[PDB]
Amino acid sequence: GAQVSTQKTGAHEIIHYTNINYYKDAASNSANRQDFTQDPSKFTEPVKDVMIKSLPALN
Amino acid sequence: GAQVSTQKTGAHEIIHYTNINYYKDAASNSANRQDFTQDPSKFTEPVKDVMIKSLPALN
Amino acid sequence: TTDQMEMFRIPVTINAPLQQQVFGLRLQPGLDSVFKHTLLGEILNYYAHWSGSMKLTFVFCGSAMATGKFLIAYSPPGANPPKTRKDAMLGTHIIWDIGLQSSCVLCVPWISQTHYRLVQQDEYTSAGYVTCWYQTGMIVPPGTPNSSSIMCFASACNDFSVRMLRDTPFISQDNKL
Amino acid sequence: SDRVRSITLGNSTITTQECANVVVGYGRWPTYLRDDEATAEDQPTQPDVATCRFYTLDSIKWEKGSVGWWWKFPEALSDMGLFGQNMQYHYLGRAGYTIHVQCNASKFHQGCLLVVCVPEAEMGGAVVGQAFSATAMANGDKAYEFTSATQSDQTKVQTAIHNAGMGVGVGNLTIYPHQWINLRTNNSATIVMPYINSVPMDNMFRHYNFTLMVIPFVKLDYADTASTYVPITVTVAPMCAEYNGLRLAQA
Amino acid sequence: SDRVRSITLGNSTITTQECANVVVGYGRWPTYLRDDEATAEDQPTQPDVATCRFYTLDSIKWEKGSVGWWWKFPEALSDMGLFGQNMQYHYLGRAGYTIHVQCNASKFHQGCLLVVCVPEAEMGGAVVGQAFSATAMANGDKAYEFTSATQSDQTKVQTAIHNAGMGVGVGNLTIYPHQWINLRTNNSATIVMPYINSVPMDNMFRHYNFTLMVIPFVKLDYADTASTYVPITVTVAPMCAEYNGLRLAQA
Amino acid sequence: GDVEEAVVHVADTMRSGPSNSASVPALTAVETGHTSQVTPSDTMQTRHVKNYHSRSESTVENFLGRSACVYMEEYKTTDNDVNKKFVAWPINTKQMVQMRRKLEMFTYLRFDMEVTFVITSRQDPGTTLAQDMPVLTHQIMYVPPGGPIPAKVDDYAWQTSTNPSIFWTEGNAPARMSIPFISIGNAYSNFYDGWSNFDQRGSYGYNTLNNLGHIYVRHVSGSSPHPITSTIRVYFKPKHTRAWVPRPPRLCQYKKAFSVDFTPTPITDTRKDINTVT
Amino acid sequence: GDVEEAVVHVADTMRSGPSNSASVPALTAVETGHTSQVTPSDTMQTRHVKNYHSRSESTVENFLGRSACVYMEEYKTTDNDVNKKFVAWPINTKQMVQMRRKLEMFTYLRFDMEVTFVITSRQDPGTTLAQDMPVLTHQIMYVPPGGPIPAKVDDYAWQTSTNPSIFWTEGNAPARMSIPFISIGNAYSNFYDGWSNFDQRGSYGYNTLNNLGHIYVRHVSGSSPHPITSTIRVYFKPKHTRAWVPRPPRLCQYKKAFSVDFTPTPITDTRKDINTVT
Ligand SMILES: CN1CCN(Cc2ccc(NCc3ccc(F)cc3)cc2)CC1
Ligand SMILES: CN1CCN(Cc2ccc(NCc3ccc(F)cc3)cc2)CC1
Ligand SMILES: CCCCCCCCCCCCCC(=O)O
Ligand SMILES: CCCCCCCCCCCCCC(=O)O
């Protein structure tokens with residue numbers, strides 16, 4: 001029950017680490033700071049009708 | 001001789017932990033607080049003849 | 001109450017002014033004095049959060065020849081508790097008819113804005129009120145007592161639950177026993 | 001046993017332990033208006049558990065000298081819960097009703113009551129050729145009392161009990177949907193009245209759909225008891241109610 | 001042409017001929033509460049066309065010296081149609097809103113307005129460490145005016161426009177859902193705000209879901225015309241409204 | 001087999017509509033001693049709700065699985081009174097009120113025990129306090145029933161050869177260990193409605209069944225020029241627990257450590273009248 | 001299965017050449033409330049660039065994943081005033097300005113908590129300082145809402161049987177633990193635009209929703225001949241975090257711990273004129 005995953009590194013320079021949980025409560029686990037998904041559409045494009053950048057904004 | 005089992009978590013949010021026993025006496029093990037079986041019939045329905053909720057209690 | 005046992009009996013009489021209140025209480029199972037020391041309040045007092053529905057069962061302990069009808073209503077939280085039967089009827093209620101079956105059950109539904117409520121209830125987590133009113137009145141034949149009594153039973157449904165184990169405040173000591 | 005009935009509408013429940021069967025109008029259960037019978041064009045509102053619920057009207061006293069009482073609907077419920085608000089704010093309405101009457105007494109009492117719903121119970125004034133206002137026959141949920149003698153005041157309806165204020169024999173009211181409350185074997189009566197009218201919908205402030213009458217055919221009697229009167233209570237619950245034509249609220 | 005939009009809710013319709021696009025909250029359309037997220041046990045009422053309809057609030061005057069206005073909901077609609085009655089008679093509520101603001105002027109006028117909905121717009125009092133009643137920030141549908149100078153009266157909220165009564169830069173309100181009314185190319189703004197809260201339902205008399213603010217960033221100006229002011233009107237329409245916990249009506 | 005792989009939720013509401021029939025779930029009879037199983041769906045219209053709440057925290061294992069103080073006591077490193085330089089405590093769980101009430105909610109219990117000891121020291125006030133003393137050490141001794149009992153700090157009995165003991169030095173973590181189920185019977189009994197002699201005479205109550213032993217504590221060899229006082233706290237933590245025959249929680253305040261004696265108490269508090277709700 | 005195996009980069013510039021057409025990406029209309037998505041490639045000639053920068057450090061988890069002080073407090077081992085010998089802090093995150101502002105950038109939050117306690121002691125000045133005292137010990141007690149509250153250092157409530165507690169000795173590592181999501185609602189709320197009573201009266205603001213409990217600290221049994229003062233610092237570290245509805249950062253200085261009250265402040269600093277750039 002050991003999880004092996006890559007660790008942060010650079011662009012062109014064994015980049016693996018092992019983790020095991022010792023407690024029965026999920027609140028005792030370490031921070032899951034390895035998620036990098038994001039989507040700014042909710043705040044940048046809240047309009048109803050999709051607008052194309054190339055075409056005029058209105059008409 | 002390592003036991004892998006799930007740990008407590010929420011409804012819609014690796015939820016695994018490992019345990020090993022180091023002592024030869026079962027009294028030294030950790031609390032087994034992961035059992036959630038219950039049956040209130042012994043105290044709520046101690047009658048001999050089964051009574052249906054829908055039908056009248058008597059006659 | 002000079003006699004402690006009198007606390008368990010709700011008085012009733014014949015020739016009752018029409019549409020009178022029988023009793024009224026606040027729904028705080030863990031804080032109100034009525035539910036404080038009950039078999040349920042004692043359990044809740046060891047916790048901080050609670051949720052689920054409750055059951056109130058009323059049993060008529062009058063004469064066999066006596067008869068009557070009662071209205072029992074539950075009023076969700078509001079700015080004012082009901083003061084008349086017309087106000088009370090608007091909320092959840094059940095019409096109780098006294099007959100061969102001497103007991104009726106009022107199931108209090110779980111209506112709340114939060115998944116849980118504090119045992120040390122406050123204005124934010126208020127729960128409402130429960131009241132009982134005369135529906136038709138009690139009628140008895142000749143040669144029977146002019147008064148009767150009613151008893152109430154409290155328990156939890158199958159969807160009840162508690163959380164956050166705390167230490168109860170009902171028991172304390174000043175010196176080592 | 002078939003002598004116990006329970007009725008559940010909305011967030012209210014009615015339980016009776018000594019009741020007769022249930023009378024269902026003319027054999028027709030209440031239902032919503034069909035598409036091929038409607039005339040209004042806009043979508044109808046359908047407040048469900050909010051309007052469809054039991055509403056207990058004020059209770060009355062039954063003495064040895066009582067003659068009877070009547071109520072007119074929906075003017076009786078015109079100021080009751082959200083039902084009254086919906087009536088006030090809407091031009092058209094439509095709903096069936098379930099009527100429950102409670103009356104209990106010991107085994108040593110005797111008496112009989114007739115419970116009947118009279119659709120289109122038009123009434124004539126005490127003095128023939130003199131009009132009456134809309135107050136001698138409906139003033140909210142309060143009950144109006146019949147009279148044993150002939151009415152003489154010109155400002156109110158003819159309350160002759162034996163004529164029932166309709167110029168017909170009181171004993172012939174059995175034709176309408178009805179039930180009897182006999183203290184020997186019954187405490188309550190239940191009637192389910194569907195929507196009856198010549199049009200799919202109508203204004204509930206201008207038109208009285210039907211009238212409820214309670215007449216003691218056998219006068220109450222008792223001896224050597226501390227109970228001096230037998231209260232009577234009436235409960236009503238609209239069914240399958242829908243409205244149309246929203247507008248400013250009628251004063 | 002995409003500059004013309006029509007909106008139809010219930011028995012009311014809104015038509016605009018010079019409008020920008022429509023902003024939809026945080027990209028989430030209003031919807032009914034799901035079964036797996038509900039907590040209350042009893043059936044919810046769902047008045048549909050009765051509560052879900054456009055309701056026009058009182059109109060305001062825009063002068064050269066205006067500073068801005070704000071409204072708090074649903075206290076603004078607390079006394080409007082059947083929506084107010086349903087709020088009064090129920091303990092819990094839930095509904096999304098559609099906000100439409102109208103402002104039209106000739107091609108020779110200049111000015112710009114910011115329309116923004118601020119959820120949980122908690123405000124601080126004029127004198128730090130002194131409470132205010134529930135009247136300096138909401139008294140029905142009437143609009144409350146910001147102030148250019150610092151507020152001094154202790155019985156009302158701090159109305160400093162540049163701080164917006166929240167201790168934050170007024171220019172950073174762009175983060176919330178918003179729209180601009182530029183007299184050059186726009187007359188109206190439309191915003192669709194879903195239900196946002198930390199609980200599935202809440203009382204609509206105790207909690208202000210969100211606040212609507214209108215701030216003129218570019219002050220109105222004109223020359224040699226008979227029009228002295230530019231009225232502004234606000235229209236709101238609840239969407240997918242449902243209630244629960246019926247009780248006596250809150251005074 | 002280097003690895004060996006080893007969600008209960010409260011009931012869900014179901015949708016209910018209008019009903020009109022002879023069935024009367026609301027009506028019952030408490031005379032049978034049977035608690036009604038009615039649900040809100042049986043007396044009013046309800047929506048479908050999926051409830052994810054769980055009763056995990058209400059299990060007896062978690063309820064009793066908390067360490068609680070059961071005994072305190074003070075002993076001095078040096079003093080004229082011999083009996084004041086060490087402690088001798090007969091083991092019992094009736095000394096502290098909170099744990100006593102928590103345990104007394106059940107008639108019979110069966111569990112393992114986890115004991116933790118917290119020891120602190122302080123230097124006694126005086127006219128001359130200047131001194132230098134290395135770290136102190138303490139010995140905890142357990143004497144099962146019938147074994148020899150020391151009579152002084154430097155008695156021969158402190159040479160335990162079979163009696164378990166722990167030596168602990170200040171500044172480290174508190175001492176800890178485990179104790180199995182050591183009852184002669186099949187389960188511990190919090191109450192005993194009986195006597196000691198066969199002719200119904202002698203000791204009465206749970207005092208007759210308390211034969212767990214004693215605990216002794218002393219300073220190993222510390223003897224300061226000036227007095228130093230130390231305090232020890234004992235904490236019990238049931239594990240792998242089982243309970244039978246629940247009983248109502250106590251209402252009256254405790255007054256004796258080995259008896260149920262009490263003073264009559266009102267059932268609950270009062271209010272203006274039966275209708276007061278404000 | 002003894003093992004179970006478990007690189008996002010910012011956008012890259014693309015080569016752009018001369019253009020002459022009717023398309024006008026540079027022209028838009030802010031009136032729609034829509035932020036333009038134009039890129040430098042759309043308004044000038046650009047080369048092809050591969051960018052390896054990542055936004056890993058900008059995630060909310062990392063932004064809020066730092067321990068910050070939230071409360072300090074001092075208590076003496078011995079003194080005449082009973083209330084001065086222990087601490088009683090109602091839990092709240094509005095006491096320290098930095099963490100308050102960091103948290104207040106979002107309207108709703110949901111996270112686990114990691115609490116660390118730092119305790120230090122110092123001997124009070126006086127005319128006579130010579131004394132010898134062993135290592136001190138401290139107890140940290142947490143009382144959920146509605147539980148009993150101690151009124152003195154040696155009160156009975158310090159015998160916690162259900163309330164969690166920690167005993168710590170000076171010289172070791174700071175105490176640490178985890179706390180789950182303990183809100184009655186579905187998420188913590190930093191702001192609450194509402195009242196407590198249903199008639200719009202009573203408490204106003206986020207003070208109505210603060211029902212987290214209290215924390216108590218004391219010296220276990222230390223009582224020196226001369227006063228000794230100790231200080232405790234509490235550090236909070238959100239974990240497994242989620243946020244909703246971002247709001248602009250605060251501009252005015254804080255003035256109350258349970259209110260949004262403020263004083264009007266200028267938007268920003270000034271300069272000689274609109275053209276000054278030096
Ligand atoms: C009559 N009472 C019944 C309940 N029983 C509770 C109880 C159970 C076990 C212990 N163990 C104390 C102990 C003994 C030796 C040791 F090394 C560690 C702990 C105490 C009480 C008390 C009697
Ligand atoms: C109304 N405010 C909303 C934000 N909320 C932040 C917050 C969340 C959790 C805690 N936990 C304190 C704590 C309690 C017990 C324990 F053992 C450890 C830590 C505090 C603040 C504050 C209220
Ligand atoms: C309480 C857990 C203690 C774990 C001690 C270190 C791991 C020992 C076992 C070797 C790793 C294998 C774990 C696994 O089977 O997933
Ligand atoms: C006294 C036991 C010490 C155990 C030390 C950690 C475990 C080392 C072995 C790796 C885990 C495999 C155990 C197993 O075979 O079940």
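Chain letters run A, B, ... following the sequence lines, proteins first, then strands; residues in each count from 1. When a ligand or atom number is given, it counts from 1 through the structure's own listing order. Just so you know, these numbers use all the heavy atoms, side chains as well, and skip hydrogens, waters and symmetry mates.
- For atom 10 (C) of ligand 4, the nearest protein heavy atom lies 4.0 Å or farther away.
- Numbered from 1 in the order shown, with element, the atoms of ligand 4 that lie under 4.0 Å from a heavy atom of B:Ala2 read 16 (O).
- Not a single heavy atom of F:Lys94 sits under 4.0 Å from any atom of ligand 1.
- Heavy atoms of F:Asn92 stay at 4.0 angstrom or farther from ligand 1.
- For the atom pair G:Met96 CE and G:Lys102 NZ, the distance stands at 15.0 Å (nearest 0.5 Å).
- In this structure a side-chain-to-backbone donor-acceptor pair under 3.5 Å is missing from G:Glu114 to G:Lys237.
- Within the set F:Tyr188, F:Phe236, F:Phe117, the minimum heavy-atom distance to atom 8 (C) of ligand 1 is found for F:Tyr188.
- Selection from G:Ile91, G:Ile179, G:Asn210 by nearest heavy atom to atom 23 (C) of ligand 2 gives G:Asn210.
- At a heavy-atom distance under 4.0 Å, only side-chain atoms of G:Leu212, from C-beta outward, approach ligand 2.
- Between the G:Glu61 side chain and the G:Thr241 main chain, a donor and an acceptor come within less than 3.5 Å of each other.
- Nearest residue to atom 19 (C) of ligand 2 from G:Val115, G:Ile140, G:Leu109 is G:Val115 (criterion: closest heavy atom).
- Classified by interplanar angle (parallel below 30°, tilted 30° to 60°, perpendicular above 60°), the ring pair G:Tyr204/G:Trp195 is tilted.
- Side-chain atoms of E:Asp202 and E:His207 include no donor-acceptor pair closer than 3.5 Å.
- Only the backbone of G:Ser189 comes within contact range of ligand 2, with a heavy atom under 4.0 Å; no side-chain atom does.
- Residue contact check for ligand 1: F:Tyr192 places no non-hydrogen atom closer than 4.0 Å to it.
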